[PDB]
file run_17.pdb (PDB, C-alpha atoms)
ATOM      1  CA  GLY A   1     -24.518 -39.107  21.926
ATOM      2  CA  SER A   2     -27.389 -36.860  22.985
ATOM      3  CA  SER A   3     -26.823 -33.224  22.022
ATOM      4  CA  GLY A   4     -28.998 -30.451  20.625
ATOM      5  CA  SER A   5     -28.295 -26.721  20.540
ATOM      6  CA  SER A   6     -25.733 -25.047  22.799
ATOM      7  CA  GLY A   7     -22.743 -22.718  22.894
ATOM      8  CA  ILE A   8     -19.291 -23.607  21.587
ATOM      9  CA  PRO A   9     -17.605 -26.455  23.507
ATOM     10  CA  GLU A  10     -14.817 -24.944  25.608
ATOM     11  CA  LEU A  11     -12.736 -26.321  28.479
ATOM     12  CA  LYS A  12     -12.003 -24.421  31.692
ATOM     13  CA  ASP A  13      -9.346 -25.686  34.104
ATOM     14  CA  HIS A  14      -5.911 -24.675  35.388
ATOM     15  CA  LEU A  15      -3.324 -27.396  34.776
ATOM     16  CA  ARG A  16       0.235 -27.701  36.084
ATOM     17  CA  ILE A  17       2.454 -25.030  34.532
ATOM     18  CA  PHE A  18       6.160 -24.674  35.311
ATOM     19  CA  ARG A  19       8.750 -22.421  33.674
ATOM     20  CA  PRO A  20      12.271 -22.781  35.131
ATOM     21  CA  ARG A  21      13.590 -20.625  32.289
ATOM     22  CA  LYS A  22      11.783 -17.529  33.562
ATOM     23  CA  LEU A  23      11.023 -15.508  36.694
ATOM     24  CA  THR A  24       9.026 -17.834  38.947
ATOM     25  CA  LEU A  25       8.352 -18.357  42.652
ATOM     26  CA  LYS A  26       7.074 -21.274  44.733
ATOM     27  CA  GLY A  27       7.498 -23.581  41.753
ATOM     28  CA  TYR A  28       4.032 -23.621  40.207
ATOM     29  CA  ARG A  29       1.762 -20.569  40.206
ATOM     30  CA  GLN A  30      -2.042 -20.509  40.140
ATOM     31  CA  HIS A  31      -3.157 -19.340  36.696
ATOM     32  CA  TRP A  32      -6.212 -19.360  34.431
ATOM     33  CA  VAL A  33      -6.192 -21.528  31.305
ATOM     34  CA  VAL A  34      -8.780 -21.933  28.549
ATOM     35  CA  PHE A  35      -8.841 -24.365  25.625
ATOM     36  CA  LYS A  36     -10.567 -23.228  22.431
ATOM     37  CA  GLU A  37     -11.581 -25.171  19.322
ATOM     38  CA  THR A  38      -8.452 -24.137  17.423
ATOM     39  CA  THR A  39      -7.166 -21.528  19.872
ATOM     40  CA  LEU A  40      -5.635 -21.390  23.351
ATOM     41  CA  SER A  41      -4.991 -18.578  25.830
ATOM     42  CA  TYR A  42      -4.200 -18.239  29.535
ATOM     43  CA  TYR A  43      -3.912 -15.545  32.204
ATOM     44  CA  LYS A  44      -2.040 -14.799  35.430
ATOM     45  CA  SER A  45      -5.221 -14.189  37.425
ATOM     46  CA  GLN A  46      -8.922 -14.596  36.649
ATOM     47  CA  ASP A  47      -8.975 -10.824  37.133
ATOM     48  CA  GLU A  48      -7.092 -10.123  33.903
ATOM     49  CA  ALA A  49      -9.652 -12.019  31.824
ATOM     50  CA  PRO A  50     -11.841 -11.878  30.067
ATOM     51  CA  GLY A  51      -9.827  -8.722  29.460
ATOM     52  CA  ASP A  52      -6.784 -10.181  27.720
ATOM     53  CA  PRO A  53      -4.562 -13.255  28.241
ATOM     54  CA  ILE A  54      -0.810 -13.120  28.843
ATOM     55  CA  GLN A  55      -0.129 -14.542  25.383
ATOM     56  CA  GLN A  56      -2.611 -15.926  22.854
ATOM     57  CA  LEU A  57      -1.494 -18.528  20.315
ATOM     58  CA  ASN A  58      -3.177 -20.460  17.503
ATOM     59  CA  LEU A  59      -2.902 -24.153  18.379
ATOM     60  CA  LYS A  60      -3.546 -24.944  14.715
ATOM     61  CA  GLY A  61       0.074 -25.415  13.690
ATOM     62  CA  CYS A  62       1.859 -25.745  17.024
ATOM     63  CA  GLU A  63       3.569 -28.972  18.088
ATOM     64  CA  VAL A  64       2.388 -31.479  20.693
ATOM     65  CA  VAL A  65       4.764 -34.042  22.192
ATOM     66  CA  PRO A  66       3.348 -36.710  24.541
ATOM     67  CA  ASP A  67       5.270 -37.026  27.808
ATOM     68  CA  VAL A  68       3.106 -39.440  29.800
ATOM     69  CA  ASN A  69       4.543 -42.208  31.977
ATOM     70  CA  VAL A  70       2.016 -44.807  33.129
ATOM     71  CA  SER A  71       4.790 -46.039  35.420
ATOM     72  CA  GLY A  72       3.493 -43.438  37.854
ATOM     73  CA  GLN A  73       0.033 -42.556  36.564
ATOM     74  CA  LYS A  74       1.630 -39.449  35.057
ATOM     75  CA  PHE A  75       0.547 -37.605  31.912
ATOM     76  CA  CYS A  76       2.263 -34.463  30.626
ATOM     77  CA  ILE A  77       1.799 -32.527  27.387
ATOM     78  CA  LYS A  78       4.594 -30.422  25.896
ATOM     79  CA  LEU A  79       3.058 -27.724  23.698
ATOM     80  CA  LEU A  80       5.628 -26.073  21.430
ATOM     81  CA  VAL A  81       4.472 -22.886  19.704
ATOM     82  CA  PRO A  82       6.552 -20.504  17.549
ATOM     83  CA  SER A  83       6.873 -16.889  18.688
ATOM     84  CA  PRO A  84       8.058 -13.681  16.972
ATOM     85  CA  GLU A  85      10.331 -13.134  19.972
ATOM     86  CA  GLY A  86      11.512 -16.661  20.710
ATOM     87  CA  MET A  87       9.349 -19.657  21.578
ATOM     88  CA  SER A  88       6.330 -20.783  23.602
ATOM     89  CA  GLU A  89       7.166 -23.980  25.485
ATOM     90  CA  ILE A  90       4.567 -24.755  28.152
ATOM     91  CA  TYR A  91       4.556 -27.829  30.390
ATOM     92  CA  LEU A  92       1.110 -29.174  31.275
ATOM     93  CA  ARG A  93       0.851 -32.076  33.720
ATOM     94  CA  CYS A  94      -2.449 -33.859  34.358
ATOM     95  CA  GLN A  95      -3.418 -35.522  37.639
ATOM     96  CA  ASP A  96      -4.911 -38.559  35.901
ATOM     97  CA  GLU A  97      -5.411 -40.027  32.428
ATOM     98  CA  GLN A  98      -8.948 -38.639  32.248
ATOM     99  CA  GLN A  99      -7.960 -34.967  32.205
ATOM    100  CA  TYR A 100      -5.064 -35.909  29.926
ATOM    101  CA  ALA A 101      -7.000 -37.733  27.208
ATOM    102  CA  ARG A 102      -9.497 -34.864  27.241
ATOM    103  CA  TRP A 103      -7.041 -31.976  26.932
ATOM    104  CA  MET A 104      -4.383 -33.789  24.904
ATOM    105  CA  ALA A 105      -6.939 -35.080  22.400
ATOM    106  CA  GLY A 106      -8.179 -31.507  22.136
ATOM    107  CA  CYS A 107      -4.747 -30.090  21.341
ATOM    108  CA  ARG A 108      -4.116 -32.612  18.564
ATOM    109  CA  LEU A 109      -7.516 -31.910  17.009
ATOM    110  CA  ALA A 110      -6.658 -28.206  16.960
ATOM    111  CA  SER A 111      -3.161 -28.776  15.576
ATOM    112  CA  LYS A 112      -4.625 -30.607  12.580
ATOM    113  CA  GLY A 113      -7.161 -27.812  12.218
ATOM    114  CA  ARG A 114      -9.974 -29.961  13.588
ATOM    115  CA  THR A 115     -11.913 -28.942  16.697
ATOM    116  CA  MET A 116     -13.423 -30.578  19.780
ATOM    117  CA  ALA A 117     -16.826 -29.850  18.243
ATOM    118  CA  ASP A 118     -16.135 -32.744  15.873
ATOM    119  CA  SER A 119     -17.048 -36.285  16.921
ATOM    120  CA  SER A 120     -13.503 -37.536  16.342
ATOM    121  CA  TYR A 121     -12.733 -35.791  19.632
ATOM    122  CA  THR A 122     -14.107 -38.682  21.684
ATOM    123  CA  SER A 123     -12.530 -41.069  19.178
ATOM    124  CA  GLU A 124      -9.183 -39.915  20.567
ATOM    125  CA  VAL A 125     -10.012 -39.961  24.279
ATOM    126  CA  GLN A 126     -10.987 -43.622  23.946
ATOM    127  CA  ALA A 127      -8.126 -44.894  21.785
ATOM    128  CA  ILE A 128      -5.833 -43.319  24.378
ATOM    129  CA  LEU A 129      -7.411 -44.629  27.581
ATOM    130  CA  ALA A 130      -6.978 -48.097  26.079
ATOM    131  CA  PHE A 131      -3.581 -47.599  24.442
ATOM    132  CA  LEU A 132      -2.169 -46.684  27.854
ATOM    133  CA  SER A 133      -3.464 -49.931  29.354
ATOM    134  CA  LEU A 134      -1.727 -51.864  26.576
ATOM    135  CA  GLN A 135       1.615 -50.197  27.294
ATOM    136  CA  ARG A 136       1.576 -51.897  30.695
ATOM    137  CA  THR A 137       3.505 -55.158  31.038
TER     138      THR A 137
END
call {"tool": "encode", "arguments": {"input": "run_17.pdb", "output": "structure tokens"}}
result
Amino acid sequence: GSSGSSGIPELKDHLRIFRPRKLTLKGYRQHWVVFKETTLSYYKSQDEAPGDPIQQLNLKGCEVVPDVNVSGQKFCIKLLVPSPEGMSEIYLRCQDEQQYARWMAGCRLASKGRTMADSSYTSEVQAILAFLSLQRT
């Protein structure tokens, strides 16, 4: 690929977040999410940031369980992170496979210590896009 000199590769997009085991209204709530090489933090409202996120966690180590169901072009990612108070279970649902492969692949790379900066990143997005197709009947 064509790439020279630029800032660190970071993703900016608010995915689907739902927490039935906590004070919530109107189901989902608009929030600000940001994926970092080996880090991840979100906020309640763009206002907060860049100040400080609601709860920062080091992806490197957390768990990532795939919950996608091609049956209905659905792709969710269950991120399980340990907390000194309890746990950090966040449900992220993607609209399509594109956003999924991108984010998902990023989480895995961070969990293993790796980062999106690495080329392998794309190596995951592809393998996935295809894998899904295979699953089909």
call {"tool": "closest_residue", "arguments": {"input": "run_17.pdb", "among": "A:130, A:92, A:15, A:87", "to": "residue 57 of chain A", "atoms": "only C-alpha atoms"}}
result
A:87
call {"tool": "residues_near_point", "arguments": {"input": "run_17.pdb", "point": "(-22.4, -32.3, 19.1)", "cutoff": "9 Å", "atoms": "all atoms listed in the file", "output": "PyMOL selection string"}}
result
chain A and resi 1-6+9+117-119
call {"tool": "residues_around", "arguments": {"input": "run_17.pdb", "residues": "residue 80 of chain A", "least_positions_apart": "6", "cutoff": "6 Å", "atoms": "all atoms listed in the file", "output": "VMD selection string"}}
result
chain A and resid 62 to 63 88 to 89
call {"tool": "closest_residue", "arguments": {"input": "run_17.pdb", "among": "A:50, A:20, A:61, A:66", "to": "residue 83 of chain A", "atoms": "all atoms listed in the file"}}
result
A:61
call {"tool": "closest_residue", "arguments": {"input": "run_17.pdb", "among": "A:112, A:31, A:19, A:36", "to": "residue 56 of chain A", "atoms": "all atoms listed in the file"}}
result
A:36
call {"tool": "residues_around", "arguments": {"input": "run_17.pdb", "residues": "residue 122 of chain A", "least_positions_apart": "4", "cutoff": "9 Å", "atoms": "all atoms listed in the file", "output": "PDB file with C-alpha atoms, in the coordinates of the input"}}
result
ATOM      1  CA  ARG A 102      -9.497 -34.864  27.241  1.00  0.00           C
ATOM      2  CA  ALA A 105      -6.939 -35.080  22.400  1.00  0.00           C
ATOM      3  CA  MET A 116     -13.423 -30.578  19.780  1.00  0.00           C
ATOM      4  CA  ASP A 118     -16.135 -32.744  15.873  1.00  0.00           C
ATOM      5  CA  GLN A 126     -10.987 -43.622  23.946  1.00  0.00           C
ATOM      6  CA  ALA A 127      -8.126 -44.894  21.785  1.00  0.00           C
TER       7      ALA A 127
END
call {"tool": "closest_residue", "arguments": {"input": "run_17.pdb", "among": "A:48, A:41, A:16, A:59", "to": "residue 29 of chain A", "atoms": "only C-alpha atoms"}}
result
A:16
call {"tool": "atom_distance", "arguments": {"input": "run_17.pdb", "atom1": "atom CA of residue 10 of chain A", "atom2": "atom CA of residue 84 of chain A"}}
result
26.9 Å
call {"tool": "closest_residue", "arguments": {"input": "run_17.pdb", "among": "A:30, A:24, A:111, A:99", "to": "residue 11 of chain A", "atoms": "all atoms listed in the file"}}
result
A:99
call {"tool": "atom_distance", "arguments": {"input": "run_17.pdb", "atom1": "atom CA of residue 121 of chain A", "atom2": "atom CA of residue 7 of chain A"}}
result
16.8 Å
call {"tool": "closest_residue", "arguments": {"input": "run_17.pdb", "among": "A:110, A:123, A:60, A:17", "to": "residue 94 of chain A", "atoms": "only C-alpha atoms"}}
result
A:17
call {"tool": "axis_aligned_box", "arguments": {"input": "run_17.pdb", "around": "segment 29-34 of chain A", "padding_each_side": "6 Å", "output": "JSON"}}
result
{"center_x": -3.5, "center_y": -20.6, "center_z": 34.4, "size_x": 22.5, "size_y": 14.6, "size_z": 23.7}
call {"tool": "residues_around", "arguments": {"input": "run_17.pdb", "residues": "residue 74 of chain A", "least_positions_apart": "6", "cutoff": "7 Å", "atoms": "only C-alpha atoms", "output": "PyMOL selection string"}}
result
chain A and resi 68+94-96
call {"tool": "residues_near_point", "arguments": {"input": "run_17.pdb", "point": "(0.7, -32.5, 25.3)", "cutoff": "8 Å", "atoms": "all atoms listed in the file", "output": "PyMOL selection string"}}
result
chain A and resi 64-67+76-79+91-92+103-104+107
call {"tool": "resolve_selection", "arguments": {"input": "run_17.pdb", "expression": "the PyMOL selection byres ((chain A and resi 13) around 8)", "output": "VMD selection string"}}
result
chain A and resid 11 to 12 14 to 15 32 to 34
call {"tool": "atom_distance", "arguments": {"input": "run_17.pdb", "atom1": "atom CA of residue 72 of chain A", "atom2": "atom CA of residue 40 of chain A"}}
result
27.9 Å
call {"tool": "decode", "arguments": {"input": "run_17.pdb", "residues": "segment 22-134 of chain A", "atoms": "C-alpha atoms", "output": "PDB file, in the first residue's frame"}}
result
ATOM      1  CA  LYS A  22     -27.034  -0.550  34.461  1.00  0.00           C
ATOM      2  CA  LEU A  23     -28.990   2.713  34.502  1.00  0.00           C
ATOM      3  CA  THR A  24     -30.033   3.320  30.895  1.00  0.00           C
ATOM      4  CA  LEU A  25     -32.799   5.076  28.965  1.00  0.00           C
ATOM      5  CA  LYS A  26     -34.159   4.793  25.424  1.00  0.00           C
ATOM      6  CA  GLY A  27     -32.179   1.598  24.922  1.00  0.00           C
ATOM      7  CA  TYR A  28     -29.007   2.818  23.232  1.00  0.00           C
ATOM      8  CA  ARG A  29     -27.421   6.177  24.050  1.00  0.00           C
ATOM      9  CA  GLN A  30     -25.282   8.347  21.771  1.00  0.00           C
ATOM     10  CA  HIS A  31     -21.682   8.166  22.987  1.00  0.00           C
ATOM     11  CA  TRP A  32     -18.136   8.831  21.784  1.00  0.00           C
ATOM     12  CA  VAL A  33     -15.798   5.891  21.178  1.00  0.00           C
ATOM     13  CA  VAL A  34     -12.143   5.801  20.134  1.00  0.00           C
ATOM     14  CA  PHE A  35      -9.959   2.823  19.225  1.00  0.00           C
ATOM     15  CA  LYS A  36      -6.237   3.084  19.965  1.00  0.00           C
ATOM     16  CA  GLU A  37      -3.323   0.892  18.882  1.00  0.00           C
ATOM     17  CA  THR A  38      -3.338  -1.069  22.141  1.00  0.00           C
ATOM     18  CA  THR A  39      -5.777   1.112  24.077  1.00  0.00           C
ATOM     19  CA  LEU A  40      -9.485   1.959  24.055  1.00  0.00           C
ATOM     20  CA  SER A  41     -11.575   4.657  25.735  1.00  0.00           C
ATOM     21  CA  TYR A  42     -15.043   6.166  25.335  1.00  0.00           C
ATOM     22  CA  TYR A  43     -17.110   9.075  26.651  1.00  0.00           C
ATOM     23  CA  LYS A  44     -20.725  10.022  27.358  1.00  0.00           C
ATOM     24  CA  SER A  45     -20.575  13.172  25.232  1.00  0.00           C
ATOM     25  CA  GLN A  46     -17.957  14.636  22.894  1.00  0.00           C
ATOM     26  CA  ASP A  47     -17.901  17.451  25.452  1.00  0.00           C
ATOM     27  CA  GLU A  48     -16.169  15.350  28.109  1.00  0.00           C
ATOM     28  CA  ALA A  49     -13.261  14.548  25.792  1.00  0.00           C
ATOM     29  CA  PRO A  50     -10.591  15.068  25.084  1.00  0.00           C
ATOM     30  CA  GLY A  51     -10.829  15.781  28.801  1.00  0.00           C
ATOM     31  CA  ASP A  52     -11.211  12.252  30.148  1.00  0.00           C
ATOM     32  CA  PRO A  53     -13.206   9.149  29.126  1.00  0.00           C
ATOM     33  CA  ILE A  54     -15.740   7.391  31.350  1.00  0.00           C
ATOM     34  CA  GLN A  55     -13.401   4.426  31.796  1.00  0.00           C
ATOM     35  CA  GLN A  56     -10.104   3.717  30.037  1.00  0.00           C
ATOM     36  CA  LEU A  57      -8.902   0.133  29.613  1.00  0.00           C
ATOM     37  CA  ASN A  58      -5.868  -1.533  28.034  1.00  0.00           C
ATOM     38  CA  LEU A  59      -7.164  -3.785  25.254  1.00  0.00           C
ATOM     39  CA  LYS A  60      -3.861  -5.665  25.405  1.00  0.00           C
ATOM     40  CA  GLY A  61      -5.041  -8.518  27.605  1.00  0.00           C
ATOM     41  CA  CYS A  62      -8.821  -8.200  27.445  1.00  0.00           C
ATOM     42  CA  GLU A  63     -11.003 -10.864  25.830  1.00  0.00           C
ATOM     43  CA  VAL A  64     -12.805 -10.679  22.485  1.00  0.00           C
ATOM     44  CA  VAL A  65     -15.638 -13.068  21.630  1.00  0.00           C
ATOM     45  CA  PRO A  66     -17.117 -12.978  18.102  1.00  0.00           C
ATOM     46  CA  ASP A  67     -20.914 -12.760  18.056  1.00  0.00           C
ATOM     47  CA  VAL A  68     -21.660 -12.239  14.362  1.00  0.00           C
ATOM     48  CA  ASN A  69     -24.565 -13.917  12.571  1.00  0.00           C
ATOM     49  CA  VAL A  70     -24.436 -13.708   8.775  1.00  0.00           C
ATOM     50  CA  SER A  71     -27.992 -15.051   8.888  1.00  0.00           C
ATOM     51  CA  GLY A  72     -29.009 -11.415   9.233  1.00  0.00           C
ATOM     52  CA  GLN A  73     -25.948  -9.454   8.137  1.00  0.00           C
ATOM     53  CA  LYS A  74     -25.218  -8.956  11.837  1.00  0.00           C
ATOM     54  CA  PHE A  75     -21.807  -8.557  13.471  1.00  0.00           C
ATOM     55  CA  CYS A  76     -21.320  -7.999  17.202  1.00  0.00           C
ATOM     56  CA  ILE A  77     -18.158  -7.933  19.314  1.00  0.00           C
ATOM     57  CA  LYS A  78     -18.209  -8.789  23.020  1.00  0.00           C
ATOM     58  CA  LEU A  79     -15.239  -7.111  24.705  1.00  0.00           C
ATOM     59  CA  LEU A  80     -14.572  -8.508  28.180  1.00  0.00           C
ATOM     60  CA  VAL A  81     -12.147  -6.495  30.310  1.00  0.00           C
ATOM     61  CA  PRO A  82     -11.225  -7.065  33.979  1.00  0.00           C
ATOM     62  CA  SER A  83     -11.935  -4.265  36.454  1.00  0.00           C
ATOM     63  CA  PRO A  84     -10.794  -3.562  40.037  1.00  0.00           C
ATOM     64  CA  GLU A  85     -14.463  -3.082  40.916  1.00  0.00           C
ATOM     65  CA  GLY A  86     -16.121  -5.802  38.857  1.00  0.00           C
ATOM     66  CA  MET A  87     -15.999  -6.200  35.085  1.00  0.00           C
ATOM     67  CA  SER A  88     -16.159  -4.306  31.788  1.00  0.00           C
ATOM     68  CA  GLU A  89     -18.541  -6.071  29.406  1.00  0.00           C
ATOM     69  CA  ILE A  90     -19.423  -3.877  26.427  1.00  0.00           C
ATOM     70  CA  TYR A  91     -21.624  -4.912  23.504  1.00  0.00           C
ATOM     71  CA  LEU A  92     -20.629  -3.455  20.134  1.00  0.00           C
ATOM     72  CA  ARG A  93     -22.846  -4.136  17.119  1.00  0.00           C
ATOM     73  CA  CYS A  94     -21.776  -3.174  13.597  1.00  0.00           C
ATOM     74  CA  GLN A  95     -24.158  -2.222  10.789  1.00  0.00           C
ATOM     75  CA  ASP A  96     -22.245  -4.244   8.197  1.00  0.00           C
ATOM     76  CA  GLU A  97     -19.256  -6.576   7.886  1.00  0.00           C
ATOM     77  CA  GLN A  98     -17.018  -3.710   6.771  1.00  0.00           C
ATOM     78  CA  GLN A  99     -17.105  -1.800  10.058  1.00  0.00           C
ATOM     79  CA  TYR A 100     -16.902  -5.146  11.854  1.00  0.00           C
ATOM     80  CA  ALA A 101     -13.795  -6.552  10.170  1.00  0.00           C
ATOM     81  CA  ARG A 102     -12.133  -3.173  10.705  1.00  0.00           C
ATOM     82  CA  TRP A 103     -12.890  -2.752  14.409  1.00  0.00           C
ATOM     83  CA  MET A 104     -12.864  -6.437  15.350  1.00  0.00           C
ATOM     84  CA  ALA A 105      -9.537  -7.030  13.604  1.00  0.00           C
ATOM     85  CA  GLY A 106      -8.235  -4.025  15.516  1.00  0.00           C
ATOM     86  CA  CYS A 107      -9.289  -5.383  18.901  1.00  0.00           C
ATOM     87  CA  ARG A 108      -7.615  -8.747  18.308  1.00  0.00           C
ATOM     88  CA  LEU A 109      -4.388  -7.066  17.200  1.00  0.00           C
ATOM     89  CA  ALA A 110      -4.395  -5.063  20.433  1.00  0.00           C
ATOM     90  CA  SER A 111      -5.221  -8.082  22.596  1.00  0.00           C
ATOM     91  CA  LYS A 112      -2.143  -9.888  21.282  1.00  0.00           C
ATOM     92  CA  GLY A 113      -0.140  -6.722  21.860  1.00  0.00           C
ATOM     93  CA  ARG A 114       0.016  -5.943  18.149  1.00  0.00           C
ATOM     94  CA  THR A 115      -1.390  -2.701  16.742  1.00  0.00           C
ATOM     95  CA  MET A 116      -3.311  -1.515  13.681  1.00  0.00           C
ATOM     96  CA  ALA A 117      -0.094   0.194  12.585  1.00  0.00           C
ATOM     97  CA  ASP A 118       1.168  -3.267  11.634  1.00  0.00           C
ATOM     98  CA  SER A 119       0.394  -4.662   8.181  1.00  0.00           C
ATOM     99  CA  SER A 120      -1.203  -7.793   9.633  1.00  0.00           C
ATOM    100  CA  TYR A 121      -4.156  -5.512  10.367  1.00  0.00           C
ATOM    101  CA  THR A 122      -5.437  -5.736   6.794  1.00  0.00           C
ATOM    102  CA  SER A 123      -4.488  -9.419   6.799  1.00  0.00           C
ATOM    103  CA  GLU A 124      -7.338  -9.889   9.274  1.00  0.00           C
ATOM    104  CA  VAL A 125      -9.972  -7.718   7.593  1.00  0.00           C
ATOM    105  CA  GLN A 126      -9.578  -9.803   4.438  1.00  0.00           C
ATOM    106  CA  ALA A 127      -9.492 -13.299   5.936  1.00  0.00           C
ATOM    107  CA  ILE A 128     -12.718 -12.324   7.699  1.00  0.00           C
ATOM    108  CA  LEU A 129     -14.663 -10.822   4.796  1.00  0.00           C
ATOM    109  CA  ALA A 130     -14.046 -14.120   3.005  1.00  0.00           C
ATOM    110  CA  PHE A 131     -14.486 -16.475   5.960  1.00  0.00           C
ATOM    111  CA  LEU A 132     -17.985 -15.065   6.449  1.00  0.00           C
ATOM    112  CA  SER A 133     -18.892 -15.833   2.835  1.00  0.00           C
ATOM    113  CA  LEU A 134     -17.754 -19.425   3.352  1.00  0.00           C
TER     114      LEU A 134
END
